[PDB]
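When a ligand or atom number is given, it counts from 1 through the structure's own listing order. One is the number of the first residue; the rest follow in order along the sequence.
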Amino acid sequence: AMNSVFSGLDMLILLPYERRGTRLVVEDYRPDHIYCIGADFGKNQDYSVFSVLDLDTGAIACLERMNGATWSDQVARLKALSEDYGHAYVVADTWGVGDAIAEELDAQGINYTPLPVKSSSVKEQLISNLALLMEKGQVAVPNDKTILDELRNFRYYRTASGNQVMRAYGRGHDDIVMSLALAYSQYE
Ligand SMILES: [Co+2]
């Protein structure tokens, strides 16, 4: 498409995985590597997505996705995933998550850093970084059609004033896109 954000999708490294319920597992924990997790939370029927990135290789080791999970279950699953990957630190989009989730991240002792996606400017920095890394052949994700489709359908639009917006085509989702961008915000 003319308005595609990820014009370098052809450079994406596609990784086999095992589907273990809500997790797509590419690689189990490598203790000699350091990891982080990009985390998008779901309000109401929206998807939550947690993307585990190996910072030593630049590859997604695990991606967990679900909808309809309770707020506490979203935090608990994130905790488990962090623990599974050596207390991997979480890059959490805390914007619009609400008091309960913010309090629970602290109360549960989660290793996390807030990165609130609170404006088009922030979103554009995150996405541009992902897109730049992707075109350089540095992004490697589970070879899953749902993931690739969401990237494929992430597009450019304009606001009434002529400002750039990035969003899903049609009435689609971008929780996977955003989780990935949050993770890759940490990758050098
Ligand atoms: Co979302």
- prompt: Can you name the N, O or S atom of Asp175 that is closest to the Co ion (ligand 1)?
  reply: OD1
- prompt: If you check every N/O/S atom of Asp40, which is the one nearest the Co ion (ligand 1)?
  reply: OD2
- prompt: Closer than 2.8 Å to the Co ion (ligand 1), do we get an N, O or S atom from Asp174, backbone or side chain?
  reply: no
message: Between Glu150 (side chain only) and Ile176 (backbone N and O only), is there a donor and an acceptor less than 3.5 Å apart?
response: yes
field: Parallel, tilted or perpendicular, as decided by the 30° and 60° cut-offs, for the rings of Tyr35 and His33
entry: tilted
- line: In this structure, CG of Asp46 is separated from OG of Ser48 (nearest 0.5 Å) by 8.0 Å
query: Can we say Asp144 and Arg65 salt-bridge, meaning some charged N sits less than 4.0 Å from an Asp/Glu carboxylate O?
result: no
